[PDB]
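1. Sequence plus experimental coordinates follow:
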Amino acid sequence: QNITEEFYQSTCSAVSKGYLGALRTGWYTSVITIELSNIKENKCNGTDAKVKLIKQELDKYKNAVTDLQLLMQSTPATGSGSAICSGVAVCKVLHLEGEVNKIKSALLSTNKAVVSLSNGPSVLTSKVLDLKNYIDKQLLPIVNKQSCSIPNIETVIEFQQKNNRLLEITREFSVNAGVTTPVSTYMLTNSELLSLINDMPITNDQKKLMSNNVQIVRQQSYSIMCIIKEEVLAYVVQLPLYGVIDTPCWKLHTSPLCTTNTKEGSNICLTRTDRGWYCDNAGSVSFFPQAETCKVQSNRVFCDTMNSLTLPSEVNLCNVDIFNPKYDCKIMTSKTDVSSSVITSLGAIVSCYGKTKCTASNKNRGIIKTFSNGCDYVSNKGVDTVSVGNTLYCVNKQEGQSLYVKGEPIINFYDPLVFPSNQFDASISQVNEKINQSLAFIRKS
Amino acid sequence: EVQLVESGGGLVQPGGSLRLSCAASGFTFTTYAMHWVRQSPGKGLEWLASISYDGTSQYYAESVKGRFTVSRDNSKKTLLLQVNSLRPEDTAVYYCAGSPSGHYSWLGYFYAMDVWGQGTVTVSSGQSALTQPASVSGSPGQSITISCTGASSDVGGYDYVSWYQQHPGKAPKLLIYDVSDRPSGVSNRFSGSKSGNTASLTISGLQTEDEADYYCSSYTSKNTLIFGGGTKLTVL
Ligand SMILES: *[C@@H]1O[C@H](CO)[C@@H](O)[C@H](O)[C@H]1NC(C)=O
């Protein structure tokens, strides 16, 4: 439904709730074939520009085929071993003798066809381009004579159009050592992508999800080059499978919480750690530290579980009570009081300290609040921009309801002198033990 | 022992459908391309169809397009030709033939035929775009030459002309491929040439085994195959 926010003054953090999530849990591989032409073009007396243009485009086809052949001859490097194993196993199955003959027989009459491999997977094979039919029917009888016959310019243009997709696919597979991502329209047309989504063994809500956010689906897919053998170019497209759809998700924004003394040597700082996207998954929480593992579209979010962390759900209680030992809520500490701002989903957190000019001007009315020293938050209702020093941030104007959850900033509960400020990343219980160790350090002396 | 054997035929009704097939033994199928060629009694040869090593491409002659379809099961090692809408003018001996080029699919890369079969009869009771001579008398120990005349699209434009020796009531054997090259088992005396629109096969030191009928074929620029009339050599 409606996305809402809750800013926690106690922890200098904001949580954006209400997002409907789609987490990637599986891969669906599919074989995409291009029927190529094995030809031995032979020398004719040619001079006129049409014969040269045909032979030029024909040479770009021959060099593209030999370049793609040496690409499978020497492509041992792997870009991401943890995410292309499922497709690499299919290319290794295809490298067996007679398996390519199998897919060549099943896709003899239709563009799409299911093939049962010998290792059991039922993969979907698709012939998206047929250059062998065009070369064997329209080009070889014109340029395989004793002297070349003069072809009309319509054939030259239609052949540059058909050969272009081959040259661009060979370009992408060559510069990236056979593994390209995202999957471009050269790799897979929008018509082929929607038909492949429609033909997947997934729910209709999942086909509608991938179909209205096809660009996000493309950014989370891989294209792996298999083999060129017997006038066939085959490559596997690895598409994301969202086994969890419409799941509740939360977004944490964090900012430094310092004391407001006039002496940089008497101030201590603290910032909540593990900021990012949190999503519900089977009774637990999946945390995504990397920023590119979650693409967001409107209310919807599309995340990838390959590089994520599974934590108990009590970690969300760190947003309302961080000093609670029931969950070891981790923080980072320092003695560096530098100003910053974080634009949240429905507003903006501002940490202002020292000699710094913090303001929130509006395009239609001037500055309505000049922030004082400390950590604060502002809703997007009526606020357009936030200025911190000589830096200007923009507040997201999406409509929704913010809730200000009052509480005292926790930085006032710490003695500055015995604070561990160099300890960097640290659990709450680690800091509390460091404070019990400093009281043991004071009793004896 | 590269052996092809034809099957299906006998007597049949003018109308309905009819299936003909072939069998492969002595060679590797996935490397050979196939041909169907027929011959009315006491008449010349006529091309029909051809399929590539993978059965993907399949290109026919115009006179028979539609009523005929050629298929192949590489797993079971056979070649099939289905006949629909049989006509009284279709009664002929149907031959199975092969061509040695593999991994290629354009009809120009396997336009010659070197392996043949016995032939099966298809009879129903109630044709040469190339041109050769018929009468060619030759006394032994002399040299006579046969004229296969085409017109630019065939023979002329393409240095793609083949020559075959067929003995009365037997399979055709290959003599010349490309324009002058010959396969094994072929006597030196067999030798062929080309000059513009006309190719010519020459034979010197005539023997008795050589009294026979002889044919020519070429790629056609129309993606088909054209067969000549057939010349009767008489030894004296
Ligand atoms: C530190 O000592 C106090 C004294 O009672 C105790 O209540 C608290 O649990 C201790 N904390 C740690 C982290 O040991």
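-> Good, I have the coordinates. Residues are numbered from 1 along each chain as shown, chains lettered A, B, ... in the order given.
2. contacts and neighbour counts: CA atoms only from here.
-> Noted.
3. contacting residues around the residue in the stretch 101-250 of chain A that the ligand sits nearest to?
-> Of all residues in the stretch 101-250 of chain A, the one sitting closest to the ligand is residue A:250 (29.2 Å; CA to the nearest ligand atom). Taking CA atoms under 8 Å, 6 or more residues apart in numbering or on different chains as the contact definition, residue A:250 lies against A:15-19, A:277-279.
4. near chain B, which residues of the stretch 101-250 of chain A?
-> Contact residues, the stretch 101-250 of chain A versus chain B (CA under 8 Å from any CA of the partner chain): A:101, A:104-105, A:108, A:133, A:136-137, A:140-142, A:144-147, A:230-231.
5. Please narrow the residues you listed to those residing in helices.
-> Among those, the members found in helices (DSSP state H) are A:101, A:104-105, A:133, A:140-142.
6. Spit out the contact partners of the closest residue to the ligand within the stretch 1-150 of chain A.
-> Per CA to the nearest ligand atom, residue A:11 is where the stretch 1-150 of chain A lies closest to the ligand, at 19.4 Å. Listed by CA under 8 Å, 6+ apart, the contact partners of residue A:11 are A:257, A:272, A:319-320, A:322, A:409-410.
7. now do residue A:271
-> Counting by CA under 8 Å, 6+ apart, residue A:271 touches A:12, A:254-257, A:331-333.
8. how close does residue A:166 sit to residue B:118?
-> From residue A:166 across to residue B:118, the span is 45 Å (CA to CA, to the nearest Å).
9. So between those two, which is more surrounded?
-> A side-by-side neighbour count of residue A:166 and residue B:118, using other CA atoms under 10 Å in any protein chain shown, places residue A:166 first with 21 against 17.
10. ok so, going back, sec struct for the residue of the stretch 1-150 of chain A closest to the ligand, please.
-> For residue A:11, the reduced secondary structure class is coil; criterion used: DSSP: H, G, I helix; E, B strand; the rest coil.
11. burial measure for the single nearest residue of the stretch 201-350 of chain A relative to the ligand, as a count.
-> The nearest approach of the stretch 201-350 of chain A to the ligand comes at residue A:325, 8.9 Å away (CA to the nearest ligand atom). By the criterion of other CA under 10 Å, residue A:325 has 12 neighbours.
12. re the thing from before, now, among the residues of the stretch 101-250 of chain A next to chain B, which is nearest to residue B:200?
-> Ranked by distance to residue B:200 (CA to CA), these are led by residue A:146 at 17.6 Å.
13. Would you mind confirming that that closest one is in contact with residue B:153?
-> No: the pair residue A:146 and residue B:153 does not pass the contact test of CA atoms under 8 Å, sitting 11.6 Å apart.
14. Next up, the contacts around the residue most central in space within chain B.
-> To find the centre residue of chain B, average its C-alpha atoms and take the closest one (CA atoms, centre = their mean): that gives residue B:37, at 5.7 Å. When the contact criterion is CA under 8 Å, 6+ apart, the partners of residue B:37 are B:45-49, B:94-97.
15. Tell me what it is bridged to.
-> Per DSSP bridges, residues listed as beta-bridge partners of residue B:37: residue B:47, residue B:95.
16. Do a quick rundown of the helices in the stretch 101-250 of chain A.
-> In order along the chain, the stretch 101-250 of chain A carries the following helices (DSSP state H, counting those that start in this stretch): A:131-134, A:140-143, A:153-175, A:190-198, A:204-212, A:214-219.
17. just those: most buried one?
-> Highest mean neighbour count of the helices of the stretch 101-250 of chain A: helix A:140-143, a mean of 21 (counted as mean count of other CA atoms under 10 Å in any protein chain shown).
18. Need the contact partners of that one.
-> Outside of helix A:140-143, the residues within contact range by CA under 8 Å, 6+ apart are A:41-42, A:44, A:51, A:148-151, B:106, B:108, B:221-223.
19. let's see it at 6 Å
-> Counting by CA atoms under 6 Å, 6 or more residues apart in numbering or on different chains, the neighbours of helix A:140-143 from elsewhere in the structure are A:149, B:221.
20. repeat for stretch B:62-75
-> With CA under 6 Å, 6+ apart as the criterion, stretch B:62-75 contacts B:79-84.
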